[PDB]
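Listed here are the chains, written in short residue letters.
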Amino acid sequence: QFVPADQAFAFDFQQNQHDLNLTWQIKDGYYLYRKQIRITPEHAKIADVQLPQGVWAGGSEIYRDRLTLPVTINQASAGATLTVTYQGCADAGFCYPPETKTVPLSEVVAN
């Protein structure tokens, strides 16, 4: 029941200049918290990131199977980063501690 957090929530990204897509492979029986998701840019300029509508686990909006999030990078300095924090739980009644991924951004000039 306690599979590694990363096996339960496989994080990956892919950048095409201004286009950044963050993805989670969410294992069956597990889910992410919408409200717990946090995205913080360092030395980069990103658009307001809307979260998609999820299903509901008794009061809380949650994400299952997979979460796909487009992020638009308007500007990015060299060495810039996107810090991605999230938390997720198991239907079996426990939760993993919040996780942080440090996504390295490729440099992008504005406009």
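Residues numbered from 1 in each chain as written, not as in the entry; some residues may be left out. Heavy atoms only, no water.

Undergrad: Help me understand the overall build of the protein chain in this model?
TA: Along its length, the protein chain carries 1 helix and 9 strands. Going from the N terminus to the C terminus, the protein chain shows its helices and strands as α-β-β-β-β-β-β-β-β-β. Against the globule reference of 13 Å for 111 residues, the protein chain gives a C-alpha radius of gyration of 15 Å, in line with a compact fold. Reported as C-alpha extents along the three principal axes, the dimensions of the protein chain are approximately 45 × 25 × 20 Å. (Helix = DSSP H or I, 4+ residues; strand = E, 2+ residues; numbered from the N terminus. Rg over C-alpha atoms; globule rule 2.2 N^0.38 Å.)

Undergrad: What am I meant to see in the nonpolar core here?
TA: Taken as a class, soluble globular proteins show a tendency for nonpolar side chains to be buried jointly. Ranked by size, the top nonpolar core spans 28 residues in total, and within it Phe-9, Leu-22 and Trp-24 carry the most contacts. With 9 residues, strand 7 (residues 66-86) is the largest single contributor of residues to this core. Aside from chain neighbours lying at most four places away, what touches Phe-9 is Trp-24, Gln-25, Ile-26, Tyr-30, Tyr-31, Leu-32, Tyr-86, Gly-88, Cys-89, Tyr-96 and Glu-99. (Core = buried A, V, L, I, M, F, W, Y, C linked by side-chain atoms within 4.5 Å. Buried < 20%, exposed > 50% of the residue type's maximum accessible area, 1.4 Å probe, protein only. Contact = heavy atoms within 4.5 Å.)

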